[PDB]
Each structure stands twice: as C-alpha cells, then as structure tokens.
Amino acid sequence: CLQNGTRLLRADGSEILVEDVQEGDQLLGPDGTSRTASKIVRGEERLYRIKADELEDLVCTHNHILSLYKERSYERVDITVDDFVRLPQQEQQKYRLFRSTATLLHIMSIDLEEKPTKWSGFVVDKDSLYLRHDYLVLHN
C-alpha cells in the first residue's frame, strides 16, 4: 500500500503510476521476471514517510511490509512499518533498504504525515516482491 504518485516498473521496464495499476497488470520483480498484480484496494489516511539516503522518500501505510537487510554479512528480514516505527533508533540503524541492479541503503528517518493522503495497494504473485522506478525492492 503506497502513496498515490509512486512510480513502479512494468514487466517491460517502463514506468506506471501506483494509482494506475489494474488487475492483471504486469509489474517487474527483483529477479527480472514478471509479476501479476490483483485485488486492487484504495483508501485515504495519514501515511508514513520514510526518508533514506540517496533515494527518494517512500510514503506508505502503517501495515506496509518493508523488505530490509539487518546487520549480523547481512540477513534478509521482512518487517512491518508499525513495528519498525516502534523499534528504538539504535535498532533502526541496523536495518537497510535494498535495490536491484545489490546496493544497500541506510534508513535514517521515518515520520507520520500531518494530513491524510490517498493511497493504492494490491497483491503480487511469486515472491510477492516488485520494483519501484528507482529499482527499490518493495513487498506487499
């Protein structure tokens, strides 16, 4: 569940708005093969803005699942946005976002937006992973 305006990659490589995704649309997975989106859902609520270095901010819902990497080389961990918000900063600094090109990115801030915002979401087959326009790996 991402904020409207988020740009995702189709199976061919071109971009598509998250609000423009429809049932059966072909997204791009982190391994290069295609993904099928289905069960489109929309809403409007106060979202969480995750600011990381280099890459554009990620605005998502409270129940959004983040595919992160944790130190101790690195281990792959899926964690929801709410639990990650509740973790202390000393623990938050151990988690990293990642993009497919295997670049690791520091998560350095995450705050709740002031005003509500429209959001769109869906489910993804296979490993349930898809790519953002900047190749950031995202989970259902």
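All residue numbers are counted from 1 along the displayed sequence.
Trainee: Between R72 and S73, what class does the number of missing deposited residues fall in: none, 1 to 3, 4 to 9, or 10 or more?
Mentor: 10 or more residues lack coordinates between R72 and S73.
Trainee: I want to verify a possible break: how many residues of the deposited sequence sit between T101 and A102 without any coordinates (none, 1 to 3, 4 to 9, 10 or more)?
Mentor: 10 or more residues lack coordinates between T101 and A102.
Trainee: Going by the recorded CA B-factors, say which third of the chain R46 sits in, lowest, middle or highest.
Mentor: Its C-alpha B-factor, which the entry lists for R46, ranks in the middle third among residues of this chain.
Trainee: Taking the C-alpha B-factors as the PDB entry records them, is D20 in the lowest, middle or highest third of its chain?
Mentor: Tercile = middle for this residue's CA B-factor.
Trainee: For the chain shown, is the CA B-factor of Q26 in the lowest, middle or highest third of its modelled residues?
Mentor: Lowest third of the chain for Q26's C-alpha B-factor.
Trainee: Lowest, middle or highest third of the chain for the C-alpha temperature factor of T33?
Mentor: Highest third of the chain for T33's C-alpha B-factor.
Trainee: Going by the recorded CA B-factors, say which third of the chain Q3 sits in, lowest, middle or highest.
Mentor: Middle third by C-alpha B-factor.
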